[PDB]
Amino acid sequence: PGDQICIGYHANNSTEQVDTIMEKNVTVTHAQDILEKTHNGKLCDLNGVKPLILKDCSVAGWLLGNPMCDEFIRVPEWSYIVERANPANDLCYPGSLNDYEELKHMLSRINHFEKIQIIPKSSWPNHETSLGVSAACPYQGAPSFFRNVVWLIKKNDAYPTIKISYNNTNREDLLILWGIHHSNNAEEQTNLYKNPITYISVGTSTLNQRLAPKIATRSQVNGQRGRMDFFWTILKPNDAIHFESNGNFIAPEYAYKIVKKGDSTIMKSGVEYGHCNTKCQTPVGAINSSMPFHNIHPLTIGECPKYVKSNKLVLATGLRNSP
C-alpha cells in the first residue's frame, strides 16, 4: 500500500504509421511526410517570365509564318515554349526544316525576340512575287503561302539570276530563314522558273551553302508532290549575308532580332495557362514546395525536388503510440 513514482511517455489518438528498418506498420504520435505530391494544375510563369504558348502551331510553322498560326509574336521574351504533342499546323507545304531540333532548343528561352522586315517585296522588280501560292497553305479558304518568306516565280518567261545582299545594321543577332523548292519534273521547272538547271548560294562570314533542286517522284502530302526544304542561320551584327540563285528560291522577307542569355527546353502539355508564378513547372502543373522529393512528373522545368518512384516518405517525429 506504499507510494509510487512512475516513468512513462506521451500517447495520443494518432493513426499515423511509419516503417522502420526493422519493423513495419508502427503507429507514432507525430509524423511528417517529406514527399511532395501537390501541383496547382496550371501553366505558370517561370521566375516572372511568361512561357511562349503556341496553341495549335509548331515552332517551324510559327517561325516561317504558317498562314493559320497567328502573327504579332506578342511575347518579346519567354522562359520556355509550350507545344502540343502533335501540333496541327507544322508545315502546310510539305518539306523539312534543317536542324529543327537544335533550333527549337535555342528558341526555348529567348531574352529578346523582334520580327523586322529585311527584304521587302519591292526588291524583286524582275520576278513575280505574288504567284507563289499553293492550295497546301490555305487562308480563309483561298490558297496562300508562308507569310515570312516569298515564293519567287518567273516573270515574262524569264528568271534573271538573283544577287542580293543584306548587311545586318542592327545591334542584335538576326535569325534568317530561306528555302529551296524541289520540283516534280523538268516541265514544272520551266513553267515555274524557266531555267532547266538551277542552284542556290548563301554566303556569310561563316556560312558557305550551295543547294540544288532534287527533281524526283514522291508521294502526295497535303495534295502536293513537291517539297520545300528550309534553312536558317544566325547573322551576327555588321556581318552580311549574300543570296545567289537562278530558280527554286524561297527568299526571306522577314527576319528575327534575337537575344539569348539562358537556356531551357520545350514542354509538351495541353493544360491551360493560369496567370501564376513558380520556381518549378511540370506539364501537368506547377510545384510550390521545399520538400526534397516529389513524384508528380519527371519532365520538370526549373528548380525542382528530386523525382522518385514512391507514394510516401514518412519520417517519425513523435513517440511510439500505443492504444
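Residue numbers run from 1 along the displayed sequence.
Participant: For the C-alpha atoms alone, is the average B factor greater in 130-138 or in 178-186, going by the entry?
Facilitator: Comparing averages over the C-alpha atoms only gives 130-138.
Participant: Can you let me know which of the two, 68-76 or 162-170, has the higher average C-alpha B-factor in the entry?
Facilitator: Higher mean C-alpha B-factor in the PDB entry: 68-76.
Participant: Highest recorded C-alpha temperature factor, please, choosing from 224, 144, 191, 204.
Facilitator: Of 224, 144, 191, 204, 191 has the highest C-alpha B-factor.
Participant: Have a look at 244, 102, 114, 90 and flag the one whose Cα has the highest B-factor in the entry.
Facilitator: Top of the list by C-alpha B-factor: 90.
Participant: Considering every modelled residue of the chain and its Cα B-factor in the PDB entry, is residue 154 in the lowest, middle or highest third?
Facilitator: Its C-alpha B-factor belongs to the middle third of this chain's values.
Participant: Determine, from the deposited record, the chain-internal third of the Cα B-factor for residue 263: lowest, middle or highest.
Facilitator: According to the entry, residue 263 has a C-alpha B-factor in the chain's middle third.
Participant: Quick one: classify residue 295 as lowest, middle or highest third of the chain based on its Cα B-factor.
Facilitator: Answer is middle: the recorded C-alpha B-factor places it there.
Participant: Which third of the chain holds residue 281 when residues are ordered by C-alpha B factor: lowest, middle or highest?
Facilitator: It falls in the bottom third of the chain.
Participant: Thinking about Cα B factors across the chain, which third does residue 220 belong to?
Facilitator: For residue 220, whose C-alpha B-factor we compare with every modelled residue in the chain, the answer is the middle third.
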